[PDB]
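> Sequence first, structure after, both from an experimental entry:
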Amino acid sequence: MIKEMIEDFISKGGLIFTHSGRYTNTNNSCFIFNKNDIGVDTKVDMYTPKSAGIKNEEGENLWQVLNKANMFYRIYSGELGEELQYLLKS
DNA sequence: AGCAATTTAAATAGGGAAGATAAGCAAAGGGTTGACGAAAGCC
């Protein structure tokens, strides 16, 4: 259900980012997505308040299914449609 | 009240034994370190 967990994400909060200061201080909430470093093995990250979200009825939330087997590059190129592309880019 | 000599050669070989064992217990703790966001009195 990788379309559902995206409207979920975005509603709860949703900030995909490949760089943050939350790894330094948890009081941070600064999130920037760099466009120019997305590669085939680039593992993207995400944040929602209290890390909220729903699983895919297999035990995995948005983060592990988006990190597994280059699915972020799959959506970012557009191999899973352009209706997931604009949601992921927004 | 200091003087004490020089060279020369220092053993070749053969042996350093294997057989055994090398414990089984039972313990190895949890106590703090939660931010964001939302009710709810309060200037």
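Sure, I can see it. Numbering: from 1, shown residues only, chains lettered A, B, ... in the order given.

> So residue A:13 versus residue A:41, what's the distance?
Per C-beta to C-beta, to the nearest Å, residue A:13 is found 27 Å from residue A:41. Using the backbone N, CA and C atoms, a C-beta is placed for each residue, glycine as well.

> ok, these two, which is more surrounded?
Using other C-beta atoms under 10 Å as the criterion, residue A:13 and residue A:41 rank with residue A:13 on top: 14 against 6.

> Wait, the more buried one touches residue A:50, no?
No - judged on C-beta atoms under 8 Å, residue A:13 makes no contact with residue A:50 at a distance of 9.2 Å.

> ok, residue A:5 - contacts?
A:53, A:54, A:56, A:61, A:62, A:65 (C-beta atoms under 8 Å, 6 or more residues apart in numbering).

> Need the buried ones from the residues you listed selected in PyMOL.
With 16 or more other C-beta atoms under 10 Å as the criterion, this PyMOL line picks the buried residues out of the contacts of residue A:5:
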select buried, chain A and resi 53+61+62+65
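
> Tell me the residues of chain A that contact DNA strand B?
A:13, A:26, A:27, A:28, A:29, A:49, A:50 (C-beta under 7 Å from any atom of the strand).

> Cool, thanks, signing off.
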